[PDB]
Amino acid sequence: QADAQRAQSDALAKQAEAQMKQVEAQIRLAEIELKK
Amino acid sequence: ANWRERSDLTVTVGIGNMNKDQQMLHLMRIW
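Protein chains in written order, with the working numbering: chain A, 49 to 84; chain B, 20 to 50.
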């Protein structure tokens, strides 16, 4: 169970260094620069 | 009980738990 918890720690909730997928990649890069 | 209750009833690690759950290995997997 401890190894399962450690694997969950290493896999889940480990996206902190990426800012949780960079907050949707800067919100889709400011919604495609708010223009098209 | 800590791992089998705290994260079981409320699986919200981060809000209701901490990274010290890995330290559980340091008390269980290590020993």
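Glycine included, each C-beta is placed from N, C-alpha and C at the ideal position.
Looking at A61 of chain A: is its Cβ nearer than 9 Å to the Cβ of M43 of chain B? At least 9 Å separates the beta-carbon of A61 of chain A from that of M43 of chain B.
Suppose contacts are defined by Cβ-Cβ distances below 9 Å. Is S57 of chain A in contact with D27 of chain B by that definition? no
Per-residue DSSP class, three states only, for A20 of chain B: coil
Inspect the beta-carbon positions of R48 of chain B and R54 of chain A and report whether they are closer than 9 Å. yes
Can you pull out the residues from the stretch 37-48 of chain B whose beta carbon lies closer than 7 Å to at least one beta carbon of chain A? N38, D40, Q41, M43, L44, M47, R48
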